[PDB]
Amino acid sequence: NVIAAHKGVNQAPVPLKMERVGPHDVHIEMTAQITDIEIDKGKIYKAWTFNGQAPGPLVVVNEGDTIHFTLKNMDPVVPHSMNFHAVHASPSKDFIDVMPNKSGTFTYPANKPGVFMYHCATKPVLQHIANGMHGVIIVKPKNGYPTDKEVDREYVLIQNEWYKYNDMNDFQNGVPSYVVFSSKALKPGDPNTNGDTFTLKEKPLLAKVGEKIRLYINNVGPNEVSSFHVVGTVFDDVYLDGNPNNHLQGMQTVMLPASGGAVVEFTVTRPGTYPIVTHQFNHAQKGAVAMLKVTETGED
């Protein structure tokens, strides 16, 4: 399971590069790179990543934007690729491999609003996803969501699993060793974290008493479904996959398939710390608990 050319390799994170190039066109450049991430205290995973993050950096575009995407493969020996669930594309032409030390550019439209998974598409896809090559792209709906004016504060959360290192038998046949949440920044000052068992417990997300919170969520897997629940509240409104039409109300828990997304909104009525879980409690026990700290001011 050890790739000789990855020994000792720890490529420092590289910032996502994005720039708008027209009213409906956006350039995005990512890397594929090999980066050590502390997934549990004392446990380093030499992850296969986009940009040195796992899950990868957040991408946000508008409905109707065409994405001109470049992948720069920094892995010395493994090809990598990109599949955005947001886009309409030819997989065999547009989600193809970029060889080590090369770049590739691929263009495709994001026609549909929502909270989409992205991930590496190189065979075996399970191997590339499980080693860390997953993330979220949000496509903002042209006309918003009907409840936009009620939302006071918003964050992005992503659920993923971690297995035994680069172990295809475990990836296929074993239970996850860890299941984790991470948060990816939407506005300056938001946290930006990797999938680990501890950061969002020790540095909770912050909010203020009485606020309606929106979370953009996706369960990237690779393998498990998620029973997403915020303790001490009920979801006022849920939009499955973030499409405004798929509108549920008053859900205690949102069932997410592997790669499933949602926009969920809830009110926090009292000061305190509110756990955020997958209610599949074996997974929660193995790391998948984040915290939301609600104060009279909204500051820690």
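The first residue of the sequence shown is number 1, and the count goes up from there.
J.: Would you tell me which stretch averages the higher CA B-factor in the PDB entry, 188-196 or 127-135?
T.: The entry gives the higher C-alpha B-factor average to 188-196.
J.: Regarding 95-103 and 222-230, which shows the higher C-alpha temperature factor on average in the entry?
T.: Result: 95-103.
J.: Highest CA temperature factor in the entry: which of 172, 177, 111, 182?
T.: Of the options given, 111 has the highest CA B-factor in the PDB entry.
J.: Sort the modelled residues of this chain by their C-alpha B factor and say whether residue 49 lands in the lowest, middle or highest third.
T.: Tercile = lowest for this residue's CA B-factor.
J.: Divide the modelled residues of the chain into thirds by Cα B-factor and specify which third, lowest, middle or highest, holds residue 241.
T.: Bottom third by C-alpha B-factor.
J.: In terms of the CA temperature factor given in the entry, to which third of its chain does residue 81 belong: lowest, middle or highest?
T.: CA B-factor rank for residue 81: middle third.
J.: Report the third (lowest, middle or highest) to which the CA temperature factor of residue 57 belongs, ranking only the modelled residues of the same chain.
T.: Middle third.
J.: Which third, lowest, middle or highest, does the CA B-factor of residue 88 fall in along this chain?
T.: For residue 88, whose C-alpha B-factor we compare with every modelled residue in the chain, the answer is the middle third.
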